[PDB]
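Presented as structure tokens, the chain that follows is alone, the form deposited in one PDB entry.
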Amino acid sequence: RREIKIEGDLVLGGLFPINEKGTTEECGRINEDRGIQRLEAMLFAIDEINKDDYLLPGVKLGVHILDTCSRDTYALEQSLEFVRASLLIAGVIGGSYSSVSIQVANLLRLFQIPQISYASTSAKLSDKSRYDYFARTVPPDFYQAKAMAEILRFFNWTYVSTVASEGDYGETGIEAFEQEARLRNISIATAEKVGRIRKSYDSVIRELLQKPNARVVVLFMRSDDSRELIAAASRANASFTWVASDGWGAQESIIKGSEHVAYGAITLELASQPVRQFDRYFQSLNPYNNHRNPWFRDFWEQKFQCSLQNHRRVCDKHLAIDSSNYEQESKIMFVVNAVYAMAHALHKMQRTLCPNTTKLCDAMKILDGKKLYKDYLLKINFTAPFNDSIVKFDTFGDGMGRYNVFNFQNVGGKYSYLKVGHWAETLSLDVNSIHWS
């Protein structure tokens, strides 16, 4: 029922997991980082573009923002509002979960509405024919498989074993790693999978022990699966050199109480830099100055376990989002770059189709989505506005594969993940900073 509907000459649709997938109820609690923060980054980006005197000087961007409630079917129903509009919906920003972005993309292509996801990393969305109106500022996860294969090939690690989670993430990732290993003459000792139980991980650990020549284990697993496998490795006192995808990444929750077996592990994470101006914008928001966001009062009441309006404690008027209770969500840069990619494509389109004017001409009021996607959006190339990193898409509409390389080690009586490298198209490692086990 809730929405953010702001008028403009051109309107961008937005889809965010503002609320978690509910349990009795369809929608759960507010999602603070993937929902509120990401939605406010798109509003921040719109405000900035509208303020800019060089980008779309005569065209004001409006918005139509909706909650996906972290569910495919709910997001599809919401997306009908963007299709009914045929508000001048020029394109859609979102969603977050790949399963939501797949269903939205199946609908939007039918009405030729371009879509840019700032978070969906499934390999399926790369399909030029099935998702011919979809683009993304994030790279697909199959580039992690390529980056891991390139890390092994560098260290000449020719004999390895693999563990994968069940589902799109784990299966597609190890299937891509298997192919990337074959091309690099890397032989896979044993390939294990993990379904949806404590014993299951011990069966995998035992099966990994059956090939003692393969000291390197390559993981393409979800967070919970990664923690549980390292726990079973801890129980069996089985120490391996783990090479893992972002499912493990640089999360301290994974290695907690199992740092011996997990020592020297090589992990990947999506490389991103914070948007400093966003921290200032987000920390200044309060229930008194943020009337345009209809979810903000529930976000505030939930974040601070208080009531703004008697069994509930009254919100102290001096509460604030600040350094002690806030950290910029890892994908804020991708939200901002997605909105700017749409603006840059629209700007170039208006300049070509509306000669000798800055205003939105008739040729663009009857907007050709096919032209916008193929001839403008897929051909954008600009410097990220708050970074010199380039925003651009390949012919599949995929953003550039840039990952940080981490090494789990202890220096100065503290266990931390250390940034020991980066993968862009070529691997770059600071080898003399890596610890082994």
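We number the residues from 1 along the sequence you see.
Of the other PDB entries compared that resolve residues on either side of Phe386, does at least a third omit it? Missing in at least a third of the others, so yes.
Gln309 left out of the model in a third or more of other PDB entries: Yes, left without coordinates in at least a third.
Between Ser86 and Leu87, determine how many residues of the deposited chain lack coordinates; answer none if the chain runs continuously, otherwise 1 to 3, 4 to 9, or 10 or more. Missing residues, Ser86 to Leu87: 10 or more.
From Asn387 on to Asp388, does the model leave out none, 1 to 3, 4 to 9, or 10 or more residues of the deposited sequence? Per the deposited record, the segment joining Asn387 and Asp388 lacks coordinates for 4 to 9 residues.
Stretch exceeding the other in mean C-alpha B-factor - 252 to 260, 283 to 291: The recorded data point to 252 to 260.
Pick between 293 to 301 and 240 to 248: the one whose mean CA B-factor in the entry is higher. Between 240 to 248 and 293 to 301, it is 240 to 248 that shows the higher mean C-alpha B-factor.
If you check the C-alpha B-factor for each of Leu152, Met342, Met349, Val100 in the entry, which is highest? Of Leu152, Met342, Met349, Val100, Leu152 has the highest C-alpha B-factor.
Return the residue from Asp127, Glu192, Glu327, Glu81 that has the highest Cα B-factor in the entry. Each of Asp127, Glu192, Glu327, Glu81 was compared by C-alpha B-factor; the highest is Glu192.
Ranked C-alpha temperature factor of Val411 among modelled chain residues, by third: Its C-alpha B-factor belongs to the highest third of this chain's values.
Considering only modelled residues of the same chain, in which third does the CA B-factor of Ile4 rank: lowest, middle or highest? Its C-alpha B-factor belongs to the lowest third of this chain's values.
Considering only modelled residues of the same chain, in which third does the CA B-factor of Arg313 rank: lowest, middle or highest? Answer is middle: the recorded C-alpha B-factor places it there.
For the chain shown, is the CA B-factor of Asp394 in the lowest, middle or highest third of its modelled residues? According to the entry, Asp394 has a C-alpha B-factor in the chain's middle third.
In terms of the CA temperature factor given in the entry, to which third of its chain does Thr358 belong: lowest, middle or highest? Middle third by C-alpha B-factor.
Below, we turn to the form deposited in another entry, even though it does not appear here.
Rigid part between the shown form and the other one, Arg222 matching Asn404: Correct, same part.
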